[PDB]
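Novice: what shape does this take:
(one chain, ligands or ions: 2)
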Amino acid sequence: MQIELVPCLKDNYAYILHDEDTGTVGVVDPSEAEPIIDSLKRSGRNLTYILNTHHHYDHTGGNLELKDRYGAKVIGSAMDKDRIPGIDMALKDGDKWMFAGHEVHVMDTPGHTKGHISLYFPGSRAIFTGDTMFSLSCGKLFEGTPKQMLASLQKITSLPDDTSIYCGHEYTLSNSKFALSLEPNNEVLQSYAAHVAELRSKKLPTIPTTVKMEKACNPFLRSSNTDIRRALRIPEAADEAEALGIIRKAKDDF
Ligand SMILES: [Fe+3]
Ligand SMILES: [Zn+2]
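Specialist: Numbers count the residues shown, from 1 in each chain. Ligands and ions are numbered 1, 2, ... in the order given. Please find the structure below.
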């Protein structure tokens, strides 16, 4: 399955999924129709679906337009059944959904919003995390709690290390600044951050990342690290969740 990024807006990533076996094609989080319209016009194919990770306008923007202007079916969470524009299929946690015979796992991943889901294609060793996990950060906790976000991050990190993560936004460079201000002694992070600056210096994406890397560099996945805790006056008595919420608060005000 081909996976084509679609940098909508200023730093949004939508993803066009191509089913090589046939002509099946869908789009993950179409911020707006225009960018998806451009690519499909090129591919020479039409749109069958529209899968949304969460309800925010920057992920459901082009929904109603693409659906009516393609006959595509909108696939997305059941919790946001009335918030996902034009939703045809409301999927639940652990639900399996077939994209042309390609299995998709539907994992609820609350935190950034209540109802957020991530989509894991085991056959492609790929998971679409929307705004739950980015490279070197997690989403802002608009609706969920620090505990809910930690649980959702652990579901994503319970997948194989080779699993590529297609962060929902190009935030990696900024995320690296805050990450290096907390754990400047982890060279895997110093190493990856430099490569991120290079890509961004020539306008290239830093996505997909991978479970392996985020475990080795994302502060929200390394909150028990001693240097990271002391850099944020995180008492030792704090547990996993508690340490994550302290980091999320600082990053927000960094
Ligand atoms: Fe977003
Ligand atoms: Zn969002």
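Novice: every contact and neighbour count from this point should use C-alpha atoms.
Specialist: Will do.
Novice: doesn't residue 75 make contact with residue 67?
Specialist: No - using Cα atoms under 8 Å, residue 67 makes no contact with residue 75, being 10.9 Å away.
Novice: settle it for me: which of these two has more neighbours?
Specialist: residue 75 (23 against 20; other Cα atoms under 10 Å).
Novice: contacting residues for that one?
Specialist: Going by Cα atoms under 8 Å, 6 or more residues apart in numbering, residue 75 touches 49, 50, 51, 52, 87, 88, 89, 90, 91.
Novice: quick one: buried ones out of those residues?
Specialist: 49, 50, 51, 52, 87, 90, 91 (16 or more other Cα atoms under 10 Å).
Novice: can you tell me which of these is closest to residue 220?
Specialist: Each of those was scored against residue 220 by Cα to Cα, and residue 52 proved nearest at 23.8 Å.
Novice: bridged to the closest one, which residues?
Specialist: Legend: beta-bridge partners of residue 52 under DSSP bridges are residue 76.
Novice: how far away is it from residue 182?
Specialist: Using Cα to Cα, to the nearest Å, one gets 33 Å for the distance from residue 52 to residue 182.
Novice: could you do residue 93 as well?
Specialist: Residue 93 is 34 Å from residue 182, by Cα to Cα.
Novice: and which of the contacts of residue 75 is nearest to residue 35?
Specialist: residue 50 (13.8 Å).
Novice: still on that earlier bit, the more surrounded of residue 93 and residue 182?
Specialist: Taking neighbours as other Cα under 10 Å, residue 93 and residue 182 compare with residue 182 leading, 19 against 15.
Novice: for the more buried one, what are its contacts?
Specialist: Contacts of residue 182 (Cα under 8 Å, 6+ apart): 219, 227, 228, 231, 232.
Novice: for the fourth one, what are its contacts?
Specialist: Neighbour list for residue 231: 182, 183 [criterion: Cα under 8 Å, 6+ apart].
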